[PDB]
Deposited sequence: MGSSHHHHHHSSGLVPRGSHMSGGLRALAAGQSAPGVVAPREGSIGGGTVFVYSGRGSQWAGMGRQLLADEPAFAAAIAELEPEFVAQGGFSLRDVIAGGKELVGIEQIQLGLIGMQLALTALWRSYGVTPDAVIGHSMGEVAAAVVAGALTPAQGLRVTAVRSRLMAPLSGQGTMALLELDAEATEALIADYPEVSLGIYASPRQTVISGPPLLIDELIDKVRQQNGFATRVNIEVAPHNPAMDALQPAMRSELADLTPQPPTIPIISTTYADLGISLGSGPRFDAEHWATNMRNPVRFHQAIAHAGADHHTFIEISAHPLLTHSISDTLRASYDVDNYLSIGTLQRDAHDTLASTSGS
């Protein structure tokens, strides 16, 4: 039935498509979003009808119980709301890894991964730079550090390019450019009263602007306060070089410069939560030679931005930008 599956996944789930199928060009990129997008009953039918999904949830559950005092298995089965930044972030990465297992069971695996904002932890796990246990650990530490800030920040998506956004916020020292979303959209981050003021200005100047469903201000100066504790608590984190190309959204150079490769260690995660998200540039880089982009999320929020980026550089008739699950049935 898969009422909440994307077309590509549902077709594989029923067996209508052949293994790994999803004309398009070659290459597949898995995109891990940074936003929690829980919807009522998320994963409930998956847990009962998709053994690969259920195995992943089962395998994560012991670490969650002991690393998070929270049961993802019970959230999914009981359709419980994730409450608080810690449950939201921890639940999201569990869903991301379990959904990656689901695609794998139907022959769909990534040739490269992209992590958007906090979704770069999940990307690093799937690329082999971190183990699932290490991914939970990073998520647990960071989310606990951000939880006390709940309600002191937010973000907003604006129908402005990056330089127009920097112009808008020039006189707003507390507001930052948070995400380079596409050539046409940019996310700002900062104190909620000021984000609301900027949303209104964009609308009154005949543009489009929306609040992000988030109650902190990542990718902003506010995060400086948290970086020392990040480096201390994750001091013992020992990552490995990735085995799948990972295009990092943390750095201007996408973490793919000649020479040494990024080390996905405590400093990287402290940097990832503070630096602006180079999502536009990572997608552009990836679309040079990869033609299928799959957002690994509970509800597709990046597929339009992906398509906008790809359309600016490539012939999108040869491309496919899809999600995994969606809140509508």
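Where C-alpha coordinates are absent, the deposited sequence of this PDB chain has the segments 1-16, 39-43, 351-360.
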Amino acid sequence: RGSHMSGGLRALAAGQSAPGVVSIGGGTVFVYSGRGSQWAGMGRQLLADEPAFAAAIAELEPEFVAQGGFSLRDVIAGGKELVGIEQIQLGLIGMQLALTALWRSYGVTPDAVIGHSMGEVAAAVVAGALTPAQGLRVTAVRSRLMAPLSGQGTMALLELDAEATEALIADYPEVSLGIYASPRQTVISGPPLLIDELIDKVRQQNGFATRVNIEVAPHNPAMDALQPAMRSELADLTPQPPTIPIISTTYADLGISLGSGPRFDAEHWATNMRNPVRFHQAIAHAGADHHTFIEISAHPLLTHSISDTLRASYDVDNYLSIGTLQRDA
From here on, numbers count along this sequence of modelled residues.
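Per the PDB record, of the two stretches 200-208 and 139-147, 200-208 carries the greater mean B-factor over its C-alpha atoms. Just going by the entry, 72-80 versus 157-165 on mean CA temperature factor gives the higher value to 72-80. Of the candidates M42, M273, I294, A286, the deposited coordinates give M42 the top C-alpha B factor.
Annotation for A222: C-alpha temperature factor in the highest third relative to the rest of the modelled chain, per the entry. For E215, the recorded CA B-factor ranks within the middle third of the chain. Only modelled residues enter the ranking.
Ranked against the other modelled residues of its chain, the C-alpha B-factor of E120 as given in the entry falls in the lowest third. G107 sits in the highest third of its chain by CA B factor, as recorded in the PDB entry. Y180: CA B factor lies in the lowest third for its chain, per the PDB record.
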